[PDB]
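Descriptive analysis of the structure
As a plain string of letters, each chain reads:
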Amino acid sequence: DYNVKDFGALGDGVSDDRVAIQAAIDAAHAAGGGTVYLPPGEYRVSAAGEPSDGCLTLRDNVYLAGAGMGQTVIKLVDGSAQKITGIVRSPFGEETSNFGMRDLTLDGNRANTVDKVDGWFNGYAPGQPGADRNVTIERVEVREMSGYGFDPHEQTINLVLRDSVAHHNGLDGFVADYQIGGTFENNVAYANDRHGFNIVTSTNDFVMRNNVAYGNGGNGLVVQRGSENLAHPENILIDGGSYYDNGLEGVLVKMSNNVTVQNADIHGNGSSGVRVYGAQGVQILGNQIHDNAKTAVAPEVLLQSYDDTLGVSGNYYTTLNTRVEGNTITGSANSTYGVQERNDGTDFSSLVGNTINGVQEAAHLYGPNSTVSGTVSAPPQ
Ligand SMILES: [Ca+2]
Ligand SMILES: [Cl-]
């Protein structure tokens, strides 16, 4: 057990406590590990150096703990004017293990600073073999970052990020970038200017259990390849939770495969509830998908192919083998179809046992091998 007071941290809302807190982290690390405690207070921090130096660098076996979200706050100094990749982060180009944070708030002070600031960052190095592992983040709030809220990054094995909140950030609340065997559980993302949750860059064997995303400018959740010619995300389970009142689709799956969205409540989004865009083997199971298309006419579920022939892969990604089963889909005034396929090569969809109401047509299919069975709809008046 280490206490940042013993290293000269003032926690007074004005003094720069970066050097004191980093000294407590380094002492815990040199001793073989420990928990660095921050008692209640606002702890101001400045940038440590170059963008990859963040503000504070955690190390192997070191955990930060505050007195509770909103009680312990680590906040960027007024007037900061440089890119900061993680107010708390792991070292760049090192495989860092058994570290994390709990019971505190990170505040990026976007109203009184400039340039891109991310709340949490960790990883090894883009394109390089190597992984951080056993990151545990519990009961953390990340707010007011001009960049990302939480950005666990390439590569991390066995992330646990639970019971946390990301809000009022300029990009995405939570990013899962090249995560392997990781979990987001019981998190909330709201009022971010882009996505609530963004799973990207080859993430695989990843669980999103009981997460909530609402009021974000982008998607509630997007699962996507990203901008580079990399292995697509695959083997992703979205289990339960709620994705509502977002600016774009509730849930977007783009150039990713073997993603399951199940038992979720998806409603009030600007465009479709669920969109599948150049994806294979997606399973949309047992969801309530209703009252979407709030911004303009759209189907509750859209299935379409992604034309990357002039992009980084050179490939045309048809959407194939989508299973849409056991959903209750209820359109509202702007909803066109319950499930729409574009006439773009999308094929091998199978609709099974959906309850579909409130739409112009339950299913609007084009694939020569796409099928629909067991749709339930209210009988005509
Ligand atoms: Ca690292
Ligand atoms: Cl269309």
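Deposited coordinates in this entry are attributed by the record to X-ray crystallography, at a stated resolution of 1.190 Å.

Details of the overall build of the chain
Of the regular secondary structure elements, the chain holds one helix and 41 strands. Relative to the globule expectation of 21 Å for 381 residues, the C-alpha radius of gyration of the chain, 22 Å, shows essentially globular dimensions. In terms of overall dimensions, the chain has a C-alpha envelope of 75 × 40 × 35 Å along the principal axes. Across the chain, every contact between residues at least 6 apart in sequence was considered, and the portion connecting residues at least 24 apart equals 69%.

Here we look at the pairing of strand β7 (residues 72-76)
Burial analysis of β7 places five of its five residues in the buried class, which makes it a mostly covered element. Sheet analysis places strand β4 (residues 41-45) next to β7, joined by five bridges and oriented parallel. Within the sheet, the bridge partner assigned to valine 45 lies in β7 and is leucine 76. As paired strands, β7 and strand β9 (residues 97-107) are joined by three bridges and run parallel to one another. Across the sheet, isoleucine 74 pairs through a bridge with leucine 106, a residue of β9.

Some words on the side chain of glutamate 341
Its place among the elements puts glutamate 341 in strand β37 (residues 337-341). At a separation of 2.7 Å, a polar atom in the side chain of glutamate 341 contacts the side chain of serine 370.

Digging into the coordination of the calcium ion (ligand 1)
Coordination of the calcium ion (ligand 1) by the protein is provided by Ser90 (OG), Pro91 (O), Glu94 (O), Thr96 (OG1), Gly123 (O) and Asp132 (OD), with metal-donor distances spanning 2.3 to 2.8 Å. Seen from the calcium ion (ligand 1), its six donor atoms lie at angles of 80 to 173°, and the figure they make is octahedral. Ordering the donors of the calcium ion (ligand 1) by residue number gives the pattern S-P-x2-E-x1-T-x26-G-x8-D. Taking relative accessible area as the criterion, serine 90 reaches 0% and is therefore assigned buried. Residue classification places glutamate 94 among the partly exposed residues on the basis of a relative accessible area of 44%.

A closer look at the pattern of salt bridges
If you walk through the whole model with that rule in mind, you get 17 salt bridges. The salt bridge partner of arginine 44 is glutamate 42, with a shortest N-O separation of 2.8 Å. Taking the relative accessible area as the measure of exposure, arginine 44 reaches 9% and is therefore buried. Between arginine 44 and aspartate 78 there is a salt bridge; the shortest N-O distance is 3.0 Å. Residue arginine 44 is located in strand β4, and its partner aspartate 78 is located in the loop between β7 and β8 (84-89); the two are separated by 34 residues in the primary sequence. What you see here is one network of salt bridges that share partners, running through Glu42, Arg44 and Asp78.

Some thoughts on the side chain of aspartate 17
Along the chain, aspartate 17 turns up in the loop between β2 (12-16) and α1 (18-30). There is no salt bridge for the buried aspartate 17, and the closest opposite charge comes from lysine 5, which lies 6.7 Å off by N-O distance. Those residues in contact with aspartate 17 that sit more than four places away from it in its chain are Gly8, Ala9, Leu10, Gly11, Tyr43, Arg44 and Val45.

Remarks on unusual backbone geometry
Of note, the phi angle at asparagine 109 is positive, near 55°, even though the residue is not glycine. Positive phi is not limited to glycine here, since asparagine 258 has a value of about 55°. Relative to the helices and strands, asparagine 258 is located in strand β27 (residues 257-262).

Digging into the environment of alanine 264
Considering the arrangement of structural elements, one finds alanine 264 in the loop between β27 and β28 (265-267). According to the relative accessible area criterion, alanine 264 is buried, its value standing at 2%. Separated by 91 residues in sequence, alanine 264 and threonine 355 have C-alpha atoms that sit 15 Å apart.

Regarding the environment of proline 39
Within the element layout of this structure, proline 39 appears in the loop between β3 (34-37) and β4. In this structure the C-alpha to C-alpha distance between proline 39 and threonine 72, which are 33 residues apart in sequence, comes to 6.4 Å. With residues up to four places along the chain from it excluded, the contact list for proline 39 reads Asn3, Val4, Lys5, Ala67 and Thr72.

Observations regarding the environment of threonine 355
Mapping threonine 355 onto the fold places it in strand β39 (residues 355-357). It is 32 Å that separates the C-alpha atoms of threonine 355 and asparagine 192, two residues lying 163 residues apart in sequence.

What to know about the packing of aromatic side chains
Here the structure, examined in full by the defined rule, presents nine aromatic pairs. Between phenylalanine 99 and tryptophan 120 the ring centres are 6.0 Å apart and the planes differ by 25°, which places this aromatic pair in the stacked class. On the criterion of sequence distance, the pair formed by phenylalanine 99 in strand β9 and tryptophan 120 in strand β10 (residues 117-122) is long-range, its members being 21 residues apart. According to the relative accessible area criterion, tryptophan 120 is buried, its value standing at 0%. Both rings, one in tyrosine 190 and one in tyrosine 214, keep their centres 5.3 Å apart while their planes meet at 10°; by these two values the pair is stacked. Of this pair, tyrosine 190 sits in strand β19 (residues 188-190) while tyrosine 214 sits in strand β22 (residues 212-214), and the two are 24 residues apart along the sequence. Following the ring pairs from residue to residue traces out a cluster consisting of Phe150, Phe174, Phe184, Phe197 and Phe206. Over the ring of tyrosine 277 we find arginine 275; its NZ or CZ atom is 4.5 Å from the centre of that ring.

Procedures and definitions
Residues numbered from 1 in each chain as written, not as in the entry; some residues may be left out. Chains lettered and ligands numbered in written order. Heavy atoms only, no water. Residues with missing side-chain atoms left out of burial classes, pairs and counts. Helix = DSSP H or I, 4+ residues; strand = E, 2+ residues; numbered from the N terminus. Rg over C-alpha atoms; globule rule 2.2 N^0.38 Å. Contact = heavy atoms within 4.5 Å. Buried < 20%, exposed > 50% of the residue type's maximum accessible area, 1.4 Å probe, protein only. Pairing = 2+ DSSP bridges. Polar contact = N/O pair within 3.5 Å; in protein donor to acceptor, adjacent residues only side chain to side chain. Donors = N, O, S within 2.8 Å, 3.2 Å for Na, K, Ca; no water. Tetrahedral: all angles 85-135°; square planar, octahedral: opposite > 155°, others 65-115°. Salt bridge = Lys/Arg side-chain N within 4 Å of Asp/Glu carboxyl O. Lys, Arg positive; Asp, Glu negative; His and termini not counted. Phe/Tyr/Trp six-rings, centres within 6.5 Å; stacked < 30°, edge-to-face > 60°. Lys NZ or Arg CZ within 6 Å of the ring centre and 35° of its normal.

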